[PDB]
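Have a look at the structure below before the remarks.
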Amino acid sequence: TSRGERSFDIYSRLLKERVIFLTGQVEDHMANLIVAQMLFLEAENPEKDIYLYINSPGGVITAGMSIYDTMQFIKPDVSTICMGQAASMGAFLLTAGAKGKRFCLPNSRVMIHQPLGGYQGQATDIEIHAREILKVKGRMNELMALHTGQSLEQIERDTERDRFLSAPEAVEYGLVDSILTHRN
Amino acid sequence: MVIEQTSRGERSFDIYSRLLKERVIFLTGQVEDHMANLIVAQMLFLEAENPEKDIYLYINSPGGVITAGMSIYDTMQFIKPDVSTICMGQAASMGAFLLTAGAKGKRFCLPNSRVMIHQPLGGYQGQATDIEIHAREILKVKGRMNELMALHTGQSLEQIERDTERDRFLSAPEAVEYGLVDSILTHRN
Amino acid sequence: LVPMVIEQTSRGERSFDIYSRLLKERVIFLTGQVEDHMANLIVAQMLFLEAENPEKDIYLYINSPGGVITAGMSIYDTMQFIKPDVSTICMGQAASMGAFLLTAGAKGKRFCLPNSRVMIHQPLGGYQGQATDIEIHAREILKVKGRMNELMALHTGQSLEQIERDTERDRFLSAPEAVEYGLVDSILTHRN
Amino acid sequence: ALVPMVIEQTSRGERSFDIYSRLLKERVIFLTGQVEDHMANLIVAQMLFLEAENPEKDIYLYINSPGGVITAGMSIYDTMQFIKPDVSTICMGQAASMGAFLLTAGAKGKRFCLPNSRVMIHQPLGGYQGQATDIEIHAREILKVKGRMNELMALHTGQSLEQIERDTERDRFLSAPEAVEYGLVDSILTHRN
Amino acid sequence: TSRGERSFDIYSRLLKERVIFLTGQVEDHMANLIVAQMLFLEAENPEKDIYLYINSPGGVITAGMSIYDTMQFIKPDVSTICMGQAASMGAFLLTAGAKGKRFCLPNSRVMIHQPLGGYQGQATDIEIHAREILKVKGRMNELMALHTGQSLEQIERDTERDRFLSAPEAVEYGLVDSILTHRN
Amino acid sequence: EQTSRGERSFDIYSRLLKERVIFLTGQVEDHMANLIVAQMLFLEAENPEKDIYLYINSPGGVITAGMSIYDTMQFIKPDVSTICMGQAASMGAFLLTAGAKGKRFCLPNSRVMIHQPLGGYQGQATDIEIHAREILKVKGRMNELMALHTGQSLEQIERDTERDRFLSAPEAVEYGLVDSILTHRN
Amino acid sequence: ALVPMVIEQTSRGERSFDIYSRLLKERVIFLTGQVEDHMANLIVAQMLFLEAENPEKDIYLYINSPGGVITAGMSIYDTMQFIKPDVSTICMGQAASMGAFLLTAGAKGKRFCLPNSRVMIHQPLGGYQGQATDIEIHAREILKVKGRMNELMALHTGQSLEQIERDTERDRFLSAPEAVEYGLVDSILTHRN
Amino acid sequence: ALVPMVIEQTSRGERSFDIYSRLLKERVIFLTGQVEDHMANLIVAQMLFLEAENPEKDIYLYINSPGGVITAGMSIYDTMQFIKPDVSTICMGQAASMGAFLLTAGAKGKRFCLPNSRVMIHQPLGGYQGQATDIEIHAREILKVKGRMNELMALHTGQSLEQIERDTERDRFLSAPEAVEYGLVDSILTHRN
Amino acid sequence: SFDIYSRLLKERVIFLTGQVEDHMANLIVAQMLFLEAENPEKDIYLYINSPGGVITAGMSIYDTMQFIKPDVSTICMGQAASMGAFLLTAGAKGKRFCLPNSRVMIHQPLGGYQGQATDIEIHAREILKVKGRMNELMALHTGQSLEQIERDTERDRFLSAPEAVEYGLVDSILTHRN
Amino acid sequence: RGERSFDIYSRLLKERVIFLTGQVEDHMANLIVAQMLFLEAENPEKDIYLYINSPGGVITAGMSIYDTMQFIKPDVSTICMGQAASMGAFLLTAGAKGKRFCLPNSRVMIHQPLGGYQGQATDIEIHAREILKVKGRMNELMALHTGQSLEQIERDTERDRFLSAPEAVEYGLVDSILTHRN
C-alpha cells in the first residue's frame with residue numbers, strides 16, 4: 001500500500017517535501033491532479049522551489065497546456081527532472097521548467113515531434129478544424145523556440161519527423177540545463 | 001457462395017440481363033468501387049453493340065464514394081451514345097450528380113421521386129502536415145463538383161455554392177425548375 | 001428460388017425456378033420488408049412484362065410488414081406509369097408501405113383473401129446532428145407525410161381529414177373492414 | 001450431400017432435375033421447419049403452379065413443423081382454400097401450433113397422420129413495447145386473432161368452440177390415434193396399399 | 001488516472017479555500033457534485049467569492065444549466081478561470097461567471113457552436129422534439145448575447161458552425177474579462 | 001467536482017443532509033429510490049416538524065420505484081419542498097408536482113416534460129390481456145393524481161399527456177405543476 | 001451473382017457469357033480495388049492468356065485502385081514488361097500508390113487519364129516486431145525497396161531521381177492535366193473519336 | 001462472376017473453361033499465397049494430371065508466396081521429384097521460406113526469377129505446450145526437420161552445408177541477381193523471345 | 001493500522017514483483033527517495049522476482065539507484081529475467097545476491113514499429129543505440145568484456161545461481177540466515 | 001462476502017499462522033514471503049505454521065516461497081487441508097522435518113513440469129533444454145525431502161499420481177496425520 005509511520009500514502013509524504021510526479025499519458029484528470037498539487041504547494045509557501053519528476057510518452061495537448069500555464073503563473077520556480085523518458089508533450093513540459101533548473105538523469109531520453117489529430121465531417125467543417133490545428137502547431141513551435149534558445153526555423157525543421165535525443169544531446173540542444181548523476 | 005437471390009434461369013440468367021439486351025442499366029444502392037465498375041463495363045459493352053442508340057440509366061441511390069461515381073460520370077461523357085437518366089425513389093448526393101449529368105434533354109424524374117444535394121464529406125487522421133495536404137485536396141474536389149453542377153443545371157457557380165452548403169431537398173417539379181432534370185415522366189404514351 | 005420447374009424432359013424448353021415460371025403467368029411477388037434491392041427487382045419485372053405485352057393485366061401478390069418509403073415509391077410510380085393495369089392481392093398481411101402499395105392497384109382490381117389483415121399508420125424516421133440540420137430533415141418528413149396522406153385519400157375515396165385522423169396511431173382492418181374503408185374492392189374466396 | 005440430382009429413365013430430353021423438383025412433378029409439396037414469410041411464399045407459389053398445370057388433380061402437402069408466424073401461415077391457409085384442387089395433408093414427425101392448424105385445414109376426408117407422428121395445439125403468442133395507448137391497440141388485435149383461430153379450428157375438427165377454447169389455454173399434446181378421435185385428421189396412414 | 005497525488009483529500013483541501021474544479025465531459029452526476037459544493041460554500045460564508053476552474057470539451061445541456069442557474073442563484077460571486085480548454089457548454093459556463101471576474105490563462109482556447117441532438121420515432125413526435133431543440137438554441141443565443149454584450153444577430157452568425165477563439169480573442173469578444181499571466 | 005469530504009469523515013452529500021437537503025439525480029430505479037426513502041425517514045426522525053428540500057434533475061424512470069418515493073413524501077410529517085434544476089421529465093416531473101403546495105419551485109432555465117406510461121411484455125394472449133389491463137389502470141391513477149396536484153381537470157390532463165409535452169419554467173407555473181420560480185437568494 | 005450475363009437470343013441455348021469475360025474477348029482487363037496476391041494472380045493470368053491468343057495486338061488495363069501490397073503489384077509490373085503485347089493503361093476514378101505506379105508503367109505513349117480522374121503518389125509503408133538484430137534486417141530491406149521503386153518511377157516519367165524522391169516523401173495529389181505534365185500519363189481522353 | 005472464363009458452349013465441341021483451367025491446358029500451374037494442406041493438394045493433383053496427359057513434356061510452376069506449413073510444402077516437393085516431367089519454376093512477386101525452397105527445387109537449368117522479384121530464406125518456426133517429456137519429443141523433431149531442409153537446400157543450390165546453415169539462422173533477403181549468384185535460380189527472365 | 005508492505009518499508013525493504021511498467025516503477029522510485037530522506041547512509045534492500053518489461057520504465061529505477069546516496073543491495077528470488085536481470089546486476093558491488101534455486105535470463109532488446117519507410121529508419125536506429133548502451137552497462141557491472149556480453153546476449157541465455165556468481169552477475173548465494 | 005472483523009487473517013498472523021490458498025503466482029507468493037520475513041523479525045526462534053490448500057501454479061513463483069522457507073531462522077510447519085497438488089505438494093513436503101502434516105481427508109497429487117514456447121528452432125532448443133533442467137532439479141529436491149531415491153521419484157512423476165493422507169505418510173511426503181485437537 002505504501003504509508004509508513006510518517007504521514008499517509010507514500011505520494012502524500014513526498015508532496016510534503018514539495019515533490020510531484022507526472023507519470024504515464026497526459027489527459028484531463030491526471031493533469032488536473034497535478035494542477036491541484038501545484039496550487040496547494042504555492043499556498044503553503046510561495047517562495048520555495050517545487051520539483052516535478054517526469055516519465056511520460058506524452059498525451060492530450062490541451063490537458064498538457066493546463067499544466068504549462070499553471071507552472072508559469074504561480075510564484076515558486078518549478079524545477080523539472082526527466083527520468084525514464086520525456087516524449088512529445090512530456091518533452092514540452094520538461095523544457096518549460098525554470099531556466100537553470102531543468103535536469104535529465106544519465107540514461108533517460110527525450111523525443112520531440114509535431115501535433116497529431118483527426119476529424120470527420122463536411123468539407124467546410126474540415127477546413128475549420130484543419131486551420132485550428134495548424135495554429136496550435138505554430139504556437140507550440142514558438143514556445144519551444146523560446147525555451148530552448150533555438151531558432152524558430154530549426155524547431156520546425158526538427159519536429160516534422162520524430163527526433164530522439166540522449167541526455168547529453170538534450171543539454172547541447174538547450175532542452176535541459178544539465179545532467180544529474182550522483183547526489184551532492 | 002455468392003450465387004443467391006437474383007437467379008432465374010439455369011442459376012445464372014436473371015431479370016437484369018434480360019433488360020440489358022434492351023439497353024437498360026440500373027444504378028441502385030450506395031455508390032462504391034465494385035458496383036461502379038459493373039456499371040462502367042455495361043456502358044462499354046452497349047457502346048460496342050451499337051454506338052448510335054441511346055442507353056437508359058435508372059437511378060435509385062443515397063450516394064456514396066466520390067471517386068467511384070466519377071468513374072461513371074467520365075465514362076458517360078466519353079462514349080458515343082447518349083445516356084438518358086431516370087430518377088425513381090431517390091437520387092441523393094453523388095446520385096443526384098449522376099442524374100443531372102445525363103444527356104441534355106433526356107433527364108427525367110418520376111412524379112413522386114425526390115432529389116437531395118449537398119457538399120463533400122470526408123475524414124483524416126495523422127500528423128498536422130498530412131492533415132493539411134488532405135484537407136486542401138477535399139476543398140479542390142468541392143470546387144470541381146460545384147463547377148460541373150453549374151455547367152449541367154445552367155445555374156451560376158455562386159448560386160450552386162449557396163444551395164449546397166447544407167442538405168437541400170427538391171421535389172420532382174422543383175428539380176425541373178432548377179435545371180436538374182428536363183421533365184417529369186407520368187404515364188407512358 | 002430452389003425448385004427447378006420443368007417438364008418430364010419430353011422435349012420442351014430451358015429450366016427455370018418457380019418464380020420465373022409464374023412470371024410467364026404475369027405474376028409478381030412482393031414479400032418481406034420493403035428495401036432498395038428487392039424493390040428494384042420488382043420494378044425490373046414490371047418493365048419486362050410491359051414490354052412483353054402492354055395490354056394484359058399484371059398481378060402483384062403482397063405479404064409485407066412494410067419498409068423504406070423511397071423504395072416503396074419507386075414501385076408505386078412504376079405501377080402508375082406502365083400501360084398495363086396492375087391488379088393487387090393481399091395474402092397474409094399488408095402493413096404500412098405494404099398497405100399503401102395494395103391500395104394503389106387499378107380501380108376495381110384490388111383484393112384481400114378472407115383471413116388477410118391490413119394495418120395503416122404514419123411515417124417513421126430519425127436524425128442526429130446540429131439543430132439547423134435537424135430542422136431541414138424534420139421539415140422534409142412532414143412533407144413526405146403530407147403527400148402520402150394525399151395519395152391515400154385519392155385511392156380510397158376517403159377525405160384527407162379522415163385519412164390524417166386514422167393514421168396518427170396504428171389501425172388494423174380485417175378483410176371486410178378494408179372493403180368498407182375503400183382500401184380494396186372486394187374479397188377473393190374460391191377460384192373465380 | 002446438398003441436393004441429390006436424378007436424371008435417368010423417366011427423362012430423355014432435358015436435364016436438370018433436383019430431388020424436390022422431381023417430386024413436385026408428381027404434385028408433392030414439403031412444408032418443413034419454422035413457418036415464416038419466405039418459405040411460406042415458396043409453398044404458395046408451388047400450389048399456384050400445380051393448379052395452373054392441372055386444376056382437378058389433388059395436391060399432397062407433407063408437414064413436419066414446430067410452427068411459426070401466424071400471418072405467414074394464413075397466407076398458406078387462404079391459398080389452400082382458394083385454389084380449385086383439393087389439398088391432402090400428411091403429418092410426419094410433428095405438426096405443432098401453426099403446423100397443426102395447417103394439417104387440420106386440409107380437404108375433408110384427406111387429412112392424415114403417420115403412426116408415430118405427434119401433434120400439439122395451443123393459443124397465440126406475442127409481445128409489444130411502447131406507450132400505453134399503443135399497447136391497448138396491439139393487445140386488442142391479438143385477442144381478435146385468437147378468437148378467429150379458435151373459430152376456424154372448431155369448424156375443421158367438428159368440436160364446439162367452447163371445447164377448443166378450453167383445450168388450447170395451455171399446451172396440449174395428441175398422439176396419432178388421439179388426433180383422429182379429436183377430429184384433427186381423418187385417419188392414420190400405416191402401409192402403402 | 002495517475003495512481004497517486006490526492007490520497008488524503010487534495011480537492012477537499014482546496015475546497016476549504018473556496019476553489020472548485022469542473023473537468024472533463026459535463027453530465028448529471030459530475031454536475032450535481034459541483035452544485036453541492038457551491039451550496040456548501042454559500043452556507044459557510046455567503047459573502048466571499050468562489051473560484052471555478054474550467055477544463056472541459058462540453059456535454060449535456062440540461063446538466064450544464066443546473067450549474068448555470070445555481071451560479072446565478074447563490075449570494076456569493078462566482079469567478080471563472082479557463083485552463084486548457086473550454087468548449088461548448090464549457091465555454092457557456094465560462095462566460096456566465098461574475099462580471100469583471102471571468103479569466104483565461106495565456107494559452108487556453110475556447111470554441112463555441114450550436115446545439116446537437118437526435119431523435120427517432122413517428123413524424124408527429126419528431127416535430128415535437130425538433131421544435132424543442134430549436135427553442136433551446138434560441139435561449140442559449142440570448143444568454144450568450146447578454147453575457148458577452150454582443151448583439152443577438154452577431155451571436156447567431158458566429159455560432160452556426162464551430163468557431164475557435166484564442167485567449168486574446170476571447171477578451172476582445174467579451175467572453176472573458178481579462179487574461180491571467182503571472183501571480184502578483 | 002471531486003470532493004471526498006466537506007470535512008474529512010463527511011462527504012459533500014452527508015454535510016448537506018445535515019441541512020435537510022436531499023438530491024434525486026439521474027434515472028429513477030429501485031436502489032437509488034430506496035436511498036431517497038431512507039434519507040426521508042431519517043430526517044423525519046431528527047425533527048418531524050421542519051421542512052425537507054428535495055432537488056430534482058431527472059429524465060424519469062421506473063414507475064413503481066417512483067411511487068415508493070411519492071407515497072413516502074405524503075406519509076411523513078414534514079412538508080417536502082421540491083426544486084427542479086436542469087430538467088424534470090416523466091416520473092421526475094410527477095415527483096416535482098407532488099411536493100407540498102406552495103413549496104414547489106423551478107429554477108429560471110429548467111424544463112419539464114410530461115407524457116403517458118411506457119411498457120412492454122411477451123407471452124400467451126391470456127397473459128398479455130392481464131398485463132395490458134394493468135398498465136391501463138396505472139395510467140388512469142397517474143392522470144387522476146396529476147389532476148389533483150395541478151388543479152387541472154382530468155379531461156385536460158388526459159389530452160395533454162397522450163404525447164410528449166415540454167414546458168418552460170414560466171409555463172409550468174401557469175399550468176400548476178409548480179408554485180413559482182427562484183432566481184436570486186433572499 | 002450480382003453480375004449480368006451476356007446472351008444473344010433465345011435460340012434454344014445459344015451463348016452464355018459474363019460481362020467481364022465478354023470484354024476480355026476484346027482484350028480489356030479491369031484492375032479494381034485494393035492490390036493483393038489473389039486479385040493480382042488473376043490479372044497475371046488474363047495477360048498471359050491474351051498474349052497466347054495473339055502476341056501482337058495491344059492490351060487495355062483499366063485502373064481504379066487505392067493501391068495495396070508491393071510484392072503483389074510487382075508481379076503485375078514484371079508481367080506487363082515481359083509479355084510481347086504493349087499494355088495500354090487508362091485511369092478512371094483514381095490511381096493511388098501501387099495503382100499509380102502501375103498506371104505509369106504502361107507502354108510509352110499509351111497511358112491515359114479520364115478528365116476528372118485523380119492520381120496520388122507517396123512512399124512505401126511497413127512494420128515489424130522482434131529482436132533488435134532482426135529489426136535491422138527488415139528496415140534495411142524496406143529502404144532498398146524504396147530506392148528501387150523511386151528509380152523505376154524516374155525511368156517511366158522522365159523526372160530526375162531527385163525530383164521523385166522529393167515529391168514522394170509525403171502524399172502528393174495530381175489532377176489529370178497535372179499528371180500529363182508530370183509525365184505520369186501521356187494524354188487525357190475526353191470523347192470517343 | 002469473379003474468375004473470368006473463355007470458350008462457351010458451342011456446336012459439338014463445347015467445353016467451357018475458366019481462366020486457370022485454360023492455362024492448365026498449356027501445362028501451367030500457379031502456386032499463390034500461404035502454403036497449406038488443401039491448396040497444396042490441388043497443386044499435387046494438377047501435377048499428376050499433367051504427367052498422365054503427357055509424361056515427357058515440361059510443366060511450369062509460377063510461384064508468388066510468403067511460405068507456410070512445412071509438411072504441406074513437402075508434399076509438393078516430393079511430387080515434383082517423383083513424376084517423370086521436368087518441373088520448371090518461375091518466381092513473380094516474392095518467394096519466401098517454403099516458397100523459396102520450392103523455387104530452388106525446380107529442374108536444374110530451368111529455374112527463373114523476374115527482374116524485380118524478391119527471395120527470402122530462414123530456419124523452421126514452431127511451438128508446443130505440454131509436459132516436459134512431450135516437449136523434448138517435439139523439440140527433437142523440429143531440429144531434425146531443420147537439418148533435413150538445410151541438407152536439401154545445399155543439394156539444390158550447390159552451396160556447402162556449412163554456408164547454408166550460417167545464412168539461415170536469421171532472415172536473409174536476396175534480389176534476383178543475388179539469387180542467381182547464390183545458386184537459388186539459374187537466370188533472370190526480362191523480355192519474352 | 002498498517003499493511004504488511006508498509007511494515008517492511010520501515011525496515012528499508014522494497015519489493016519489485018511482476019512485469020516492469022511505468023506506474024509500478026514509479027512506486028519503486030518513490031520508495032527509494034523516501035528511504036533516502038529518512039536516512040541517506042543506511043543500505044536499502046531491493047527484492048526482485050520479475051520476467052522483465054518496459055525498458056524506459058526500468059531505466060528510471062536504474063538511474064535512481066545510482067543517484068541516491070545509500071547503497072542498494074539486490075536479492076533475486078524466483079527469477080530475474082531481462083530488465084529484471086539488468087536491475088539485479090546494477091546493485092552495489094559486493095551486495096548483490098541470488099537465493100539457491102533462483103534463475104536468471106539475459107537477452108537483447110525487443111521492439112517494433114509501423115509506418116512510412118522514413119520513420120521506420122529513425123526508430124530502427126534508436127533501438128540499435130539502446131542495444132549498445134545496455135551492453136556497455138552490463139559489461140561494466142559484471143566485469144566481462146564488451147565483446148563477451150555481445151556474444152552472450154544475441155539469443156536468450158539462462159544462468160543458474162552458481163553460474164550467475166561465476167559470470168559476475170551477482171556477488172554470492174544466500175542459503176541460511178547468518 | 002469476505003473480510004471479517006476487518007482482517008480475521010491479520011489476527012491469525014498474530015498467532016504465527018499463514019494461509020496459502022488457490023493458484024500459485026507472483027503476487028500471492030510475494031505476500032507469503034513478506035509474511036514470513038515479518039514473523040522472523042517478530043521472533044526468530046518460534047515456529048511458523050503454513051496451511052496449504054492449492055492446485056499448484058507457476059514454478060518460479062513457488063520457488064521464491066521454497067527458498068524463503070529454508071533461509072529464515074524459524075522452522076516452518078506445513079499443514080495440508082483440502083488438497084496439495086503440483087507446486088502445492090512440493091511446498092508441503094518442504095516443511096521442517098517432523099513438522100509436516102495432512103488432515104484425514106485431504107489429498108495430494110504429484111507430476112512433472114508443464115510449459116510451452118513458440119519461435120525459431122534455435123530458440124525452441126534453448127527453452128526446451130531449460131525446462132528439462134528444471135525438471136531434474138525439482139526431482140532432486142523431492143528425493144531429498146521424502147527420503148525416496150531419485151529414480152523412484154522420476155518414475156512416479158511421469159504421469160499424475162494421487163495419494164491419500166495415509167499414502168502420503170508412507171511415501172515420506174508428510175510426517176503424520178492430524179485428527180483431533182491435541
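To find a chain, count down the sequence lines: A is the first, B the second, and so on, and within it residues start at 1. Side chains are part of it too, since the values below use all heavy atoms of this structure and drop only hydrogens, waters and symmetry mates.
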(request) With the side chain counted from C-beta on, respond yes when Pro115(A) and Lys137(A) share a heavy-atom pair under 4.5 Å apart, and no when they do not. (result)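 They are in contact (side-chain heavy atoms under 4.5 Å apart), so the answer is yes.
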(request) Below 4.5 Å from any heavy atom of chain A, which atoms of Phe2(I) appear? Answer side chain, backbone, both or neither. (result)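 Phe2(I) touches chain A through backbone and side-chain heavy atoms alike.
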(message) Under 4.5 Å from any heavy atom of chain A, what part of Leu137(I) do you find: side chain, backbone, both or neither?
(response)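 Contact with chain A involves the side chain of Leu137(I) alone.
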Looking only at the aromatic ring of each residue, does the gap between the centers of [Y] and [X] stay below 6.0 angstrom?
| X | Y | result |
| --- | --- | --- |
| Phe92(A) | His113(A) | no |
| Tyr62(I) | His141(I) | yes |
| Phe164(A) | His123(I) | yes |

For [X], is it the side chain, the backbone, both, or neither that has a heavy atom closer than 4.5 Å to a heavy atom of chain I?
| X | value |
| --- | --- |
| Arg163(A) | neither |
| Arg3(A) | both |
| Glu17(A) | neither |
| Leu14(A) | side chain |

Return the option, out of [options], with the maximum number of heavy-atom pairs under 4.5 Å with chain A.
| options | result |
| --- | --- |
| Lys10(I), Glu126(I), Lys129(I) | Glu126(I) |
| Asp119(I), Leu9(I), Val130(I) | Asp119(I) |
| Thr56(I), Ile55(I), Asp63(I), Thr118(I) | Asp63(I) |
| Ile4(I), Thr64(I), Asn26(I) | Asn26(I) |

(message) I'd like to know if the side chain of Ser79(A) pairs up with that of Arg102(A) as donor and acceptor (distance under 3.5 Å, no hydrogens or angles considered).
(response)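 No pair is found: no donor N or O on one side chain lies under 3.5 Å from an acceptor on the other.
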(request) State, without any angle test, whether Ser7(A) and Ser12(A) hold a side-chain donor-acceptor pair at a distance under 3.5 Å. (result)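 On atom types as modelled, these side chains do not qualify, holding no pair under 3.5 Å.
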(message) Quick check for you: among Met83(A), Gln85(A), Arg161(A), which has the greatest number of heavy-atom pairs under 4.5 Å with chain I?
(response)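 Looking at each of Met83(A), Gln85(A), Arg161(A) in turn, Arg161(A) comes out on top.
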(message) Under a 3.5 Å distance rule, please check whether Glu21(I) uses its side chain to pair with a backbone N or O of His23(I) as donor and acceptor.
(response)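 Checking the backbone N and O of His23(I) against the side chain of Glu21(I), a donor-acceptor pair under 3.5 Å is found.
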(message) Quick check against the 3.5 Å criterion: does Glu172(A) have a side-chain atom that pairs as donor or acceptor with the backbone of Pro168(A)?
(response)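 Flag not set: sc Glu172(A) to bb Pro168(A) has no pair under 3.5 Å.
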